[PDB]
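Below you'll find the structure, written out as structure tokens, and then a few comments.
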Amino acid sequence: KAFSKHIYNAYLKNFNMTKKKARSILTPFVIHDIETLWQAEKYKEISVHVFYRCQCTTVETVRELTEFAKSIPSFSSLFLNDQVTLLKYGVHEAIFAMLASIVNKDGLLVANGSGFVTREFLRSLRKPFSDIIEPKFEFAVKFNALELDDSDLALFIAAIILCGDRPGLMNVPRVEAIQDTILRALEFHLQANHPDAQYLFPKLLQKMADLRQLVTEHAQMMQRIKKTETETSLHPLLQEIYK
Amino acid sequence: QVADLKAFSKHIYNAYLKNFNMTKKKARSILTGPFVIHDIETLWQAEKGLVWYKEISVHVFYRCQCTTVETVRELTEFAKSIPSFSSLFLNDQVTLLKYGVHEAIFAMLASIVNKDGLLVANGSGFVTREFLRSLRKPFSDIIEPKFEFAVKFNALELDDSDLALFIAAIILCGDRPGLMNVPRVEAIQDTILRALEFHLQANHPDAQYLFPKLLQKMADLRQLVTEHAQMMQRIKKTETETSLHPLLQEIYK
Ligand SMILES: Cc1cnc(-c2ccc(-c3ccco3)cc2)n1Cc1ccccc1OCCCCCC(=O)O
Ligand SMILES: Cc1cnc(-c2ccc(-c3ccco3)cc2)n1Cc1ccccc1OCCCCCC(=O)O
């Protein structure tokens with residue numbers, strides 16, 4: 001409860017764009033095509049260009065999630081090396097869980113909420129830049145059906161970072177014990193914050209396995225791009241993660 | 001990295017302090033200043049007042065067996081708090097323990113040994129090596145090479161904190177037969193061995209060559225245990241009325 005307050009507080013300190021802020025906008029400049037895209041920017045091609053904007057957004061979200069993890073209690077007392085592994089395998093599951101907050105069925109907020117880019121447009125991109133995008137929308141649309149708010153998400157995101165099964169963890173039991181607290185606070189929080197909704201906690205535990213699968217298939221698609229899109233550059237911060 | 005290695009060592013040392021009833025520090029204070037057992041008479045006096053059948057050589061062998069079963073139990077609890085030991089496959093745990101306990105047991109046995117004998121029954125007995133030599137073959141023979149190993153090992157003057165990491169390196173051995181995730185085991189061992197190199201510079205700053213010296217003792221320990229296991233084979237073969245504890249049967253199987 002206090003613990004949940006504190007993670008919420010940390011979430012607010014660290015993420016410029018909260019679901020709260022995002023929902024109030026979604027109910028910005030549309031970008032539904034080439035002309036609109038080009039106007040918004042007022043190079044290789046439109047697709048690789050959109051991909052570079054994805055990369056720019058992911059990079060920044062890694063930075064935020066990195067500062068955020070510093071506030072999850074005991075995270076800072078893990079081996080430095082365990083910290084890095086937790087961040088490495090988890091940031092993308094967190095990044096895709098938080099994507100739901102800025103997405104609706106028709107598209108997503110960009111540039112701090114000033115823009116909206118239609119899901120139509122992103123589908124129009126040539127393969128495989130279309131295929132790496134659309135599966136996130138399918139996930140985000142369902143996730144949003146759970147109607148979580150920011151306070152819930154702050155715990156959700158922390159539970160994802162503190163996952164016991166990452167490859168190469170030295171102290172699994174310690175990481176697991178921190179997560180178990182996070183998961184307990186989260187159950188407690190959902191009872192209190194969503195008391196008439198029913199079965200939310202284990203629906204959320206399932207979403208965590210849905211994301212793990214989503215990031216598997218994303219990593220899968222990224223390495224295909226790493227080869228087949230010979231001329232497409234990848235931010236070095238994103239090279240370590242995919243290494 | 002440097003700060004993680006320190007903390008990893010400290011974790012291994014705490015696991016050690018919590019799991020072994022007898023540390024070298026305690027053993028050394030007892031040895032330097034128990035009831036001395038040096039003959040049949042003092043032996044029987046001990047089974048009557050140091051409480052903790054067939055013939056003397058076999059009775060001694062049984063007590064050797066009771067103590068090693070107990071140390072195997074402590075080593076299993078110890079390994080449970082070696083960081084990453086408990087999230088290995090359950091079959092890798094059992095395998096690491098089955099092939100490594102004896103190496104760990106004869107490493108640590110140096111802690112409770114001097115050239116004249118060793119502590120028994122948590123430091124309340126001392127059995128002289130002369131008495132153990134006087135036992136009949138093959139029992140006297142399975143004993144004396146551990147003393148020879150222990151005397152030279154003690155000359156390296158390790159302490160508990162060094163030993164905790166040395167023992168962990170013996171348990172987390174990548175080379176044991178029939179492991180499922182060899183690369184994972186090898187990764188933990190390498191981390192243990194880096195932590196060890198670092199801890200020795202810090203704990204033994206004037207000792208030249210101490211780390212490669214310990215890698216060699218690890219080689220010598222493997223040969224000692226091979227030789228030990230051949231002898232246990234010969235005893236199973238030739239001493240038919242002598243029994244072996246079922247925990248030890250599983251290991252030797
Ligand atoms: C998570 C996110 C947040 N914001 C954006 C975003 C930003 C600006 C644009 C835009 C389009 C036209 C101009 O700008 C599109 C998406 N994304 C990206 C994204 C949203 C939905 C589905 C999939 C996505 O990325 C998949 C590729 C990520 C590659 C790098 C990596 O693996 O790390
Ligand atoms: C490791 C240890 C620790 N303490 C003792 C100990 C205990 C009590 C007596 C005692 C003699 C009279 C009354 O009690 C002697 C030795 N040992 C045993 C031992 C110490 C030195 C050399 C060899 C040894 O074992 C040889 C047989 C091991 C068989 C079991 C197996 O393979 O697993």
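Letters A, B, ... go to the chains of the structure tokens in the order shown; residues in each chain start at 1; ligands are counted from 1 in the same order.
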With a distance threshold of 10 Å and counting only C-alpha atoms, extract the residues of chain B near chain A and express them as a VMD selection string.
-> chain B and resid 1 3 to 5 7 to 8 81 to 87 184 187 to 188 191
Put those residues in a file: C-alpha atoms, as a compact mmCIF listing (two decimals), in the first residue's frame.
# COMPACT_ATOMS: atom_id res chain seq x y z
CA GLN B 1 33.08 -6.91 -11.94
CA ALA B 3 32.21 -4.75 -6.42
CA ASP B 4 29.86 -7.62 -7.42
CA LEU B 5 32.71 -10.14 -6.78
CA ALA B 7 29.61 -9.12 -2.51
CA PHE B 8 29.38 -12.56 -4.18
CA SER B 81 22.59 -20.93 -0.74
CA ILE B 82 25.26 -20.70 -3.43
CA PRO B 83 23.67 -18.05 -5.54
CA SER B 84 22.51 -19.73 -8.58
CA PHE B 85 22.95 -23.34 -7.45
CA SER B 86 19.20 -23.66 -6.59
CA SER B 87 17.85 -22.62 -10.01
CA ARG B 184 25.53 -22.61 -17.07
CA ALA B 187 29.62 -19.83 -15.95
CA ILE B 188 28.96 -19.99 -12.20
CA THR B 191 32.44 -16.34 -11.41
Any idea what's packed within 10 Å of region 118-126 of chain A, counting only C-alpha atoms, ignoring anything in its chain fewer than 4 positions away? Could you give it as a PyMOL selection string?
-> chain A and resi 30-34+37+46-48+50-51+103-109+130-134+137
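With only C-alpha atoms as the basis for measurement, B:138 is the residue among B:45, B:138, B:104, B:6 that approaches residue 242 (chain B) most closely.
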Do a neighbour search on residue 177 (chain B) at 12 Å with only C-alpha atoms, toss out local chain neighbours closer than 4 positions, and write the hits as a ChimeraX atom specification.
-> /B:91-92,94-100,173,181-182
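You will find CA of residue 197 (chain B) at 18.5 Å from CA of residue 155 (chain B).
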DSSP strand (DSSP E or B) selection over region 14-203 of chain A, as an MDAnalysis selection string | chainID A and resid 29:31 103:104 107:110 115:118
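For the choices B:166, B:149, B:35, B:252, the atom-to-atom distance to residue 50 (chain B) is smallest for B:35 when using only C-alpha atoms.
Put simply, atom 21 (C, counted along the ligand's line) of ligand 2 is 4.9 Å away from CA of residue 143 (chain B).
Using only C-alpha atoms and all ligand atoms as the basis for the distance check, residues found within 6 Å of ligand 1 are residues 50, 53, 54, 55, 57, 58, 95, 96, 99, 110, 117, 132, 133, 134 and 136 of chain A.
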Using only C-alpha atoms, determine which residues lie at most 10 Å from residue 163 (chain B), disregarding the query and same-chain residues fewer than 2 positions distant; provide the list as a compact mmCIF listing (two decimals) with C-alpha atoms, in the first residue's frame.
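Listed below is the output, part-v1.txt:
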# COMPACT_ATOMS: atom_id res chain seq x y z
CA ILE B 12 29.27 -17.50 -0.14
CA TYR B 13 31.05 -16.87 3.22
CA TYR B 16 29.41 -21.20 4.81
CA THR B 23 34.68 -24.00 10.87
CA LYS B 24 38.45 -23.96 10.64
CA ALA B 104 34.78 -30.87 -0.70
CA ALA B 107 39.38 -30.29 1.39
CA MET B 108 37.63 -29.29 4.53
CA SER B 111 40.57 -27.82 8.81
CA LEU B 158 43.67 -20.58 4.13
CA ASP B 159 40.99 -19.27 6.44
CA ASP B 160 37.19 -19.84 6.45
CA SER B 161 36.51 -17.07 4.00
CA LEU B 165 34.82 -19.97 -2.13
CA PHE B 166 37.23 -22.94 -2.71
CA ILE B 167 34.51 -25.39 -1.63
CA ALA B 168 31.90 -23.62 -3.79
CA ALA B 169 34.31 -23.95 -6.82
CA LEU B 196 38.36 -16.25 -5.44
